[PDB]
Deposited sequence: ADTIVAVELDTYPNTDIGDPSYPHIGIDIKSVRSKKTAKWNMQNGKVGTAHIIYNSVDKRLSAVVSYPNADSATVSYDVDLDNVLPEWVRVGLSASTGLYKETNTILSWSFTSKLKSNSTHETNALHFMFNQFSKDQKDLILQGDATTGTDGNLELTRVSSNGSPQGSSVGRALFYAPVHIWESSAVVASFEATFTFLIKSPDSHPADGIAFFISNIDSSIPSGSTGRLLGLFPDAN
């Protein structure tokens, strides 16, 4: 399979596969069964912000998700990505729907990678997305251009979300995420998102992920699997 490290914004509790009984943020290493989670007070139809950070000194992957004028949710997990990910990776955003549905709208996405061996750096910032965005690899139902936004999951003419949808956006360039002879390595990711649902049951969520360069949507990764994992193991 693909090797995946994700921060998930999980809107639908699947207690079947280890989810808590509420909307949560999670850190996923090689599995959809989060190594650490925190309660998330998801606000239907409000624009939220996700900030992910990691460095080779603390070897600690941390995420904060927040809305304006509300307490933020925060999750951290000690992990050396040197022992998990290959040296060269792609970074992306993933989303899915199942029986239940939500818009998975990305309004902005920025990423910074620094590697001191002589510092090498990569930085991109999207505050709008265009009709033909050639520095993104779009996978599944993901599209760009509607209101200058990235729609990870299928939305009908009227703006209504559809079920059984999976989409991903990967940045075109591979990223040197770690190196054997490296003194300090760090990365930071930010994205803004709008999750809107018709009912009280939004599903299934958004993830920032890091994968092998040649990563694709695994067969039947709709719903609970977030476009990231082939199975629930």
**Study point:** Missing segments of the deposited chain sequence, listed N- to C-terminal
**Key:** 118-121
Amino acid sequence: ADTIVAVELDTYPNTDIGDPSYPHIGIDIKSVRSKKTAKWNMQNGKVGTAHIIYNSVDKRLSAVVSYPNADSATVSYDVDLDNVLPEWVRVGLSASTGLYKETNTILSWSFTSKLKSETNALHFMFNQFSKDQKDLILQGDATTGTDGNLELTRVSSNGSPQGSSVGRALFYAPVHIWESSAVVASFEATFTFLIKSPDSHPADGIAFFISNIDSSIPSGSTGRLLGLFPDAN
From here on, numbers count along this sequence of modelled residues.
Practice item. Check the entry's C-alpha temperature factors for 179-187 and 56-64, then say which stretch has the higher mean. Key: 179-187
Review point. According to the deposited model, is the average Cα temperature factor higher in 207-215 or in 12-20?
Key: 12-20
Practice item. Name the residue from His51, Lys46, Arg168, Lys36 with the greatest C-alpha temperature factor listed in the entry. Key: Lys46
Exercise for review: Using the entry's values, work out which of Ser96, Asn120, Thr146, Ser110 has the largest Cα B factor.
Suggested key: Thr146
Practice item. Going by the recorded CA B-factors, say which third of the chain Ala73 sits in, lowest, middle or highest. Key: middle
Revision key, fill the gap. Among the modelled residues of its chain, the C-alpha B-factor of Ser31 falls in the third labelled middle
**Study point:** For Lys131, the third of its chain into which the C-alpha B factor falls
**Key:** highest
Point to revise | Third of chain Cα B-factors occupied by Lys101 | key: middle
Point to revise | Lowest, middle or highest third - CA B-factor, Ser160 | key: highest
